[PDB]
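Structure 1 and structure 2 below are two forms of the same protein chain, each written out on its own as structure tokens.
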Structure 1
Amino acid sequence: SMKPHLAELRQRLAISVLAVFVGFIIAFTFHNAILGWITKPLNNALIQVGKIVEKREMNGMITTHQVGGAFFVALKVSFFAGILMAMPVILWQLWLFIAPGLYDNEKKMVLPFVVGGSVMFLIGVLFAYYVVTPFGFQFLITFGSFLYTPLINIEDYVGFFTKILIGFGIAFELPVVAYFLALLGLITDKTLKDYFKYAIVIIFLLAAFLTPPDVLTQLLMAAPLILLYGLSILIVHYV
């Protein structure tokens, strides 16, 4: 009975996987450019911190602590770029599969929501790379400058960088999702101050999911979510 619907999954998953593979090939063809784009803020921060250190006194750099770390980082970056490039095809096939399973009154909600979420995620990623990362990296490297030497390894740096970028994209999508929901009389200020009690528990659950089993990381991830919820409160209050 699931036969007429498992074939559609098979074909759409095949198309999405082919798109991901083509994107991986394209990204690995240009992995040097992507790696330079990723590590440019790190190099700029290291040079500025070196300037500060030479000013105070009157070295640190990007290293690789694993033998196959460089190749693995290149493969990871190419995989991420291929997934990002295949997001059009992946989401198109996903919607084409879900479309004949949704009522004729939810599509009109999903389409503008998806479009706005994608646009705001792009805006957030750009803001993180160009306005936040240059200052945050400088502050973090300067913090441990008079005590430790910044021998930053690429393998952890890529993960940290993509985590920051995706986190800022989501932190830009949620305060616009709140506005979109508040437009059509769905969520109001009172409705957002009464489900706060469960909201904080859900926030801590999400932080536990998205962070290692360390409690400190969980709190460090839950605080920004709490601030985003607070902002959402005023956003729905002024809607």
Structure 2
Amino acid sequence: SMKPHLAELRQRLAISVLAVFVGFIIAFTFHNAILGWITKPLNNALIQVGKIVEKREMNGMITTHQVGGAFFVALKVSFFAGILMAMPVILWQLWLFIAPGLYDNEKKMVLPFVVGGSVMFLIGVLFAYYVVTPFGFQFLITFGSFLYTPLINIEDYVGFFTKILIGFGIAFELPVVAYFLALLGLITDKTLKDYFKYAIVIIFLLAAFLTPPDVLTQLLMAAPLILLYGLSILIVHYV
């Protein structure tokens, strides 16, 4: 019973692990370029706020507080980029695992959905970076510019930046899954309005899981999820 489902899973997990490793190798080869891409908005915001502060008066830059800091930041960036490059291979292998269980209609139900969701994730990441990150970074540096000196360390910044990008990708995806489920027909506006009582509890659970043990971070993460749920209700209503 479980013997073939463990042998095949073992082989597919092995191929996925090999893909992640090769992606990590390529990403560590180009880690200077990836780190430059990641840190470009931070440098731009620091220069802009330096100009603002110099105008007001008439410094801050990127730091490392550990050796493992810079080296591990390169390794972390390479690992994430490798996981991303392996994602087509991992997803195709998961599809190969799941496919003999789905019927013929479910196959065409799923595949275009996967392509559209991936496209929306990419659009969300690009939007996050190019639109959100400049203005948000400028605002957040300028918020503590007249009090504190911005000695921004790369170790926390890489995680912060990756969280922003991944979260915006997921935020672009969730409306699309709502619109898909509305088009095919599995949920209506009534379903999303009547399941909000449980949705909000699950949202706060997810916020606790995805944030440090502080309550304030939990609320700061739950608010976008509640807004996404409301936007989803609107989308399914107009469908």
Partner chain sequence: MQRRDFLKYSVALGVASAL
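Throughout, rigid core stands for the largest set of C-alpha atoms superposing within 1.5 Å between the two forms. Residue 1 is the first residue of structure 1, and the numbers go on in sequence order from there.
Peer 1: Just one question: which structure is the form solved in complex with its partner chain?
Peer 2: Answer to the question: structure 1 is the form solved in complex with its partner chain, whereas structure 2 comes from elsewhere.
Peer 1: State yes or no: after fitting on the rigid core, is the Cα displacement of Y103 between structure 1 and structure 2 at least 2 Å?
Peer 2: Result for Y103: yes, a 2 Å-plus shift.
Peer 1: With the core fitted, just quote the Cα shift at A7 between structure 1 and structure 2, in angstrom to one decimal.
Peer 2: The shift comes out to 1.2 Å.
Peer 1: I need the CA movement of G185 between structure 1 and structure 2 once the rigid core is aligned, reported in Å.
Peer 2: Displacement of the alpha carbon, after core fit: 2.3 Å.
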